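Chains as they are written, first to last, in the numbering used here: chain R, 4 to 34; chain Y, 447 to 475; chain F, 8 to 40. The beta carbon of each residue, even a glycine, is placed where N, CA and C say it ideally should be. Have a look at the structure below, then the notes.
Printed below as a string of structure tokens:
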């Protein structure tokens with residue numbers, strides 16, 4: 004059960020860092 | 447303790463999915 | 008182990024909430040957008 008939780012958190016941490024990059028690009032008008 | 451964590455992870459999982467869809471829209475129209 | 012999950016989860020909540028604010032601001036064009 005906590006092993007399953009840990010995989011879920013690892014994937015969230017990934018999705019969230021990708022979201023952070025996308026949102027910063029949008030905020031800053033990057034590129 | 448663990449059950450409470452499971453609730454928090456589900457809540458986060460849902461919010462991140464909504465974020466992904468909205469950000470994706472934002473990148474198009 | 009479980010203590011570590013709990014801190015990771017807490018971090019995520021702060022970041023996810025920051026992301027929602029930013030994304031809503033972008034979507035509604037708040038404060039010039």
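Discussion item. Within 9 angstroms of any Cβ in chain F, is that where the Cβ of residue 447 (chain Y) sits?
Written reply: True, the Cβ-Cβ gap to chain F drops below 9 angstroms.
* Assigned exposure category for residue 21 (chain R) - 16 Cβ within 10 Å defines buried -> exposed
**Asked** Going along chain F in order, which residues have a C-beta closer than 7 angstroms to the C-beta of residue 468 (chain Y)?
**Response** Listed along chain F are 30, 34, each with a C-beta nearer than 7 angstroms to that of residue 468 (chain Y).
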